[PDB]
Amino acid sequence: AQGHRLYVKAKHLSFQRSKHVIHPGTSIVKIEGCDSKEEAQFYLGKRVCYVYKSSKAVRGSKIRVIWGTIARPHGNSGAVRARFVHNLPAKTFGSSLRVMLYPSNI
Amino acid sequence: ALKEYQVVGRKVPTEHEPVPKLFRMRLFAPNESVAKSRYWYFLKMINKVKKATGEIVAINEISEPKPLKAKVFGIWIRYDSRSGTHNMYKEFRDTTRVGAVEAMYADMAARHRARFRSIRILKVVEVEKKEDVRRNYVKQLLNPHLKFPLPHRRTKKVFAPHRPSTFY
Amino acid sequence: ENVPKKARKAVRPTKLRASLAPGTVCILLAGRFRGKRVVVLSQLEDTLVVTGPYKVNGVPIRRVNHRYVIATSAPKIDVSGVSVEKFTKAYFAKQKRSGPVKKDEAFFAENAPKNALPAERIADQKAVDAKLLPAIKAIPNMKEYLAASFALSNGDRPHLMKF
Amino acid sequence: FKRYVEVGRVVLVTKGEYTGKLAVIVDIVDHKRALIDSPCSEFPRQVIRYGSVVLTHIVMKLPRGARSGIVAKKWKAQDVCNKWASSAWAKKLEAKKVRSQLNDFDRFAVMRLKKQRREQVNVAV
Amino acid sequence: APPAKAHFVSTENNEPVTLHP
Amino acid sequence: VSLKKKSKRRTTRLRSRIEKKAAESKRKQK
Amino acid sequence: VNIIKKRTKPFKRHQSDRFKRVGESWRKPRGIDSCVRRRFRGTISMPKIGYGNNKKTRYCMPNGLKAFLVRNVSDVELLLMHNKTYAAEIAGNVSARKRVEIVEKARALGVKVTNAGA
Amino acid sequence: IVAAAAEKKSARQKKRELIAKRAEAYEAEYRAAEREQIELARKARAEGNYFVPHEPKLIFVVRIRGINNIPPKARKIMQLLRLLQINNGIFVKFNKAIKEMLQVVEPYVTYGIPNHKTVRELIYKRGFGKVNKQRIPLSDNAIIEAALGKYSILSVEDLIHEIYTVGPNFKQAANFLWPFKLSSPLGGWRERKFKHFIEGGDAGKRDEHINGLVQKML
RNA sequence: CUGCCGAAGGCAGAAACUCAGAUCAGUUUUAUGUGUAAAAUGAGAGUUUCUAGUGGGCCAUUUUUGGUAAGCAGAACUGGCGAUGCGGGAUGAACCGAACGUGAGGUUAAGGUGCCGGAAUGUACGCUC
């Protein structure tokens, strides 16, 4: 039952934004276990994926994935900035992302 | 932070004054540029020596000779207030003259709403004699059998599973 | 029919990570064999010519990109006793698809290890295993460590743990 | 269990580049800072605030303002080293340090070992 | 006028005196 | 809750009028 | 080289989504204090010269060939030396007889047609 | 054709060691200049006397306020200095006349004495020559030799020397150089950017601390 | 429809031709007392000619006199507004930054980092119920 999860958990917090302007081109991601910018240095360049499900069956699957990459840290508390192939929808605020361990650098 | 500097200066020699006198002051400033300006206005207000006709001849940062020995420093300062004039004398126990001055600036900004430009330091002297100490809290620190529990214990990792100890 | 400018981009050999020396136990982070532990036979131009002992975890001779590999601090396994020069890019070349007109359940029956896979490839793999098993049998826990699989759990921080 | 700030109380540094090291208070500078030393060479004499350290229960006789040389001398004489370790608190701390230094192969060693620990679960009827 | 050149400022004749504001 | 009888926040005319007439006070004392 | 469009949304006249007497075609606002002319936040953008696309790709279709209007076989033959950069587009009023005659002529020319299957 | 090519290559080579010898001479001069200042200070300290360094003839000025709400007098002065944007930097021959001119735009610019690394770093990376009223980067010594060949400046090292040491042709060398267009400083400015540098702000003279700003600017 | 130039409280532009100049400067030095005269830096500088629009006012600044419970009134200069979007001050004609082609990346200004809200429930010293 527990022989899997080669990824770490994350939450899609919000768009990289000012007080009154949002920039959906890059998103803010909070990785579980990461609590500083020096710790976020490890997760820089990793491949983050957003997994959701839909009604219509494409390629015989309900599951669709949107890829992304951690680019830079954000703030002091360990949050990072992520850039995806398709900008994440604004309805996914607080949804769960899966940050994989590749490309590995260690 | 702060560093203690000695600034030695004089006016430019002329025929009237072939050998101008050399004026040295011990003063505290974050960097050499602030120290030179701090000195120049002091020289203006004490001896009326203009900045234009003068020159800074020597600048030297000073390090604490014994930074590893706890000392008591008494500070004579002058304050500009609503009345524009006040005189105070405080005592701080610290191992460095620079730290004592920093503590004095923080205390005065905390109490009398004093800024760096409003405060001018007259003298920072060391008080080795226990009897010469006037402040009771300094004397409290100087007592031989000083002992006390830790004050202000105050203690990302949100959602702690257990209650805090905040004791022994 | 314009002639493109001569690009001044020359090809130079890869500088692999120093930790990926041959004989090191590593975890696959992707592919069909994700989480498995393997022994690095050698370093190719870009990837690692690697295999887990097939008699232990059943991982055949495969290339894996060095960016999808977790290097361990596990003690080195001797590989100097087996040849690695027979593993080339041409050796691993996946011939050519030659048209997508396939996959009518016949390309997939005629696939798998029963067919396609030559008896020669089985011979090198068994030969490599024969030269590798005595080492891992001598040093304790390598057989069991390699048969197991890597996975994360609660309270596990990849940026803190060192492999 | 009081932990009064005495002259000669040995303490455990918890904040700064010297985290995890063991020191002893030589002088009490003021209400909120103190001077500490240690026989260990890697830790130099310095003045540290009380927010970056937790007091231990071990008190060692030490004249005020002593130099590092005799601080090591008295430290070795009363055997403060390995007296701190004798406490279960230090055993827990060093156990955590070894567990942090641990690796994946040895984590699999711990895997098997604690499985052999749960092997028995034998209770008398 | 060019910047003041480097020169010497002998103090054995007039040793520096401490000034306090 | 405010817990006051008079609001601690000020109107823009009122805040602007202070700098209007505080400066005049310095003019008068000069 | 590839095709890059700076913008895809077309500029709609202000309030054309509120009134039907106001057409969808762009008209430059003239009021001195109008929000659109003064370019406030959250307002429909105005056609600027900076919005233009690359000259090497301007007027080119997604496949890179500029569409050239063709009515008769003569117009088809004019694309003989420009088949790699122009594509013949059949005029909408060309009858069925000339359409099949033209489309086979272009197919023999090796000239792409953007409305051949009609 | 072969004779002309050989003649070209030879003379171009003879120009190359000429540049090499000049650059070596300037580097030795800098080290001998710093050695003598240290020796002068050390011997003065040993004798109990004091030593006053030369006041540097070179100043680097960076404009730190936008083009808005500037009095016309300061606007004209910075127009004379060619500081028409924020973060724009210029090398100026600091003298008696420049000092009072900078005293007026003191709230709007910050200036200090640059060191060898700063003047070398700026010219190599932000160095753009003004050729035919056009902004041309200094990507080769051909531009320098063709534009300042009448003042015996033939390479980037020659230009660096004429700027850092304030040579006889400093005006021509500086006027040939387009104003430096520096980026916003990495790490940022202080809490308040428009106070005096002596008061915890950023404007006004800052002496040897202009180097720290320039490193962030670049 | 788009582009360029662009005010005014005698201007901006167009055409006709001077000198590669010591020719000008909302500037600073030097000398003589804000005036004048003769080094710094920047800029290619100019002259005659004709021809659109405007000649208003609000806000603040520093120089004075008349003033009174109390504000207030009359001058001169300076800018901002007016033709000006953008960031911040919860929002705003006059407050703090910043002058605007379409985009990508980096870095900042002003202001901020408990939540709404992007950012430390950061560090250090005091004051206050």
# chains A, B, ... in the order shown; residues from 1 in each chain; ligands from 1
$ select_by_dssp --residues "chain B" --states "helix (DSSP H, G or I)" --output "ChimeraX atom specification"
/B:32-47,97-111,136-142
$ interface_residues --of "chain I" --to "chain D" --cutoff "12 Å" --atoms "only C-alpha atoms (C1' of nucleotides)" --output "number ranges by chain"
I: 123-125
$ write_last_selection --atoms "N, CA, C and O atoms (P, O5', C5', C4', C3', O3' and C1' of nucleotides)" --output "PDB file, in the first residue's frame"
ATOM      1  P     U I 123      12.177  36.876  15.667  1.00  0.00           P
ATOM      2  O5'   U I 123      13.647  37.484  15.737  1.00  0.00           O
ATOM      3  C5'   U I 123      14.770  36.711  15.343  1.00  0.00           C
ATOM      4  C4'   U I 123      16.012  37.556  15.229  1.00  0.00           C
ATOM      5  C3'   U I 123      16.324  38.452  16.416  1.00  0.00           C
ATOM      6  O3'   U I 123      16.931  37.762  17.492  1.00  0.00           O
ATOM      7  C1'   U I 123      16.567  39.685  14.418  1.00  0.00           C
ATOM      8  P     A I 124      16.570  38.157  19.008  1.00  0.00           P
ATOM      9  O5'   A I 124      17.104  39.651  19.154  1.00  0.00           O
ATOM     10  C5'   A I 124      18.496  39.922  19.108  1.00  0.00           C
ATOM     11  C4'   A I 124      18.801  41.376  19.369  1.00  0.00           C
ATOM     12  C3'   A I 124      18.004  42.056  20.467  1.00  0.00           C
ATOM     13  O3'   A I 124      18.451  41.723  21.768  1.00  0.00           O
ATOM     14  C1'   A I 124      18.155  43.486  18.590  1.00  0.00           C
ATOM     15  P     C I 125      17.444  41.826  23.016  1.00  0.00           P
ATOM     16  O5'   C I 125      17.420  43.381  23.361  1.00  0.00           O
ATOM     17  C5'   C I 125      18.619  44.065  23.690  1.00  0.00           C
ATOM     18  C4'   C I 125      18.440  45.563  23.664  1.00  0.00           C
ATOM     19  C3'   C I 125      17.321  46.122  24.524  1.00  0.00           C
ATOM     20  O3'   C I 125      17.678  46.212  25.891  1.00  0.00           O
ATOM     21  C1'   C I 125      17.288  47.158  22.394  1.00  0.00           C
TER      22        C I 125
END
$ residues_around --residues "residue 8 of chain E" --least-positions-apart "5" --cutoff "12 Å" --atoms "only C-alpha atoms (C1' of nucleotides)" --output "MDAnalysis selection string"
(chainID B and resid 12:13 19 57:58) or (chainID H and resid 40:41 43:45 47:54)
$ select_by_dssp --residues "chain A" --states "strand (DSSP E or B)" --output "PyMOL selection string"
chain A and resi 7-17+22-31+47-58+61-73+80-84+96-100
$ closest_residue --among "D:9, D:118, D:76, D:45" --to "chain B" --atoms "only C-alpha atoms"
D:45
$ residues_around --residues "segment 175-179 of chain H" --least-positions-apart "2" --cutoff "10 Å" --atoms "only C-alpha atoms (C1' of nucleotides)" --output "NGL selection string"
(:H and (62 or 81-85 or 88-92 or 123 or 126-138 or 144 or 147-148 or 159 or 170-173 or 181-182)) or (:I and (42))
$ atom_distance --atom1 "atom CA of residue 58 of chain H" --atom2 "atom CA of residue 106 of chain H"
17.0 Å
$ interface_residues --of "chain A" --to "chain B" --cutoff "10 Å" --atoms "only C-alpha atoms" --output "number ranges by chain"
A: 33-36, 77-78
$ residues_around --residues "residue 51 of chain G" --least-positions-apart "4" --cutoff "8 Å" --atoms "only C-alpha atoms (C1' of nucleotides)" --output "PyMOL selection string"
(chain G and resi 6-7+47) or (chain I and resi 101-102)
$ interface_residues --of "chain I" --to "chain B" --cutoff "12 Å" --atoms "only C-alpha atoms (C1' of nucleotides)" --output "list in words"
residues 120, 121, 122, 124, 125, 126, 127 and 128 of chain I
$ residues_around --residues "residue 84 of chain C" --least-positions-apart "6" --cutoff "10 Å" --atoms "only C-alpha atoms (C1' of nucleotides)" --output "ChimeraX atom specification"
/C:41-44,49,128
$ residues_around --residues "residue 68 of chain C" --least-positions-apart "6" --cutoff "9 Å" --atoms "only C-alpha atoms (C1' of nucleotides)" --output "number ranges by chain"
A: 101-105; C: 27-30
$ atom_distance --atom1 "atom CA of residue 55 of chain G" --atom2 "atom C1' of residue 5 of chain I"
26.1 Å
$ interface_residues --of "chain A" --to "chain I" --cutoff "6 Å" --atoms "only C-alpha atoms (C1' of nucleotides)" --output "ChimeraX atom specification"
/A:17-19
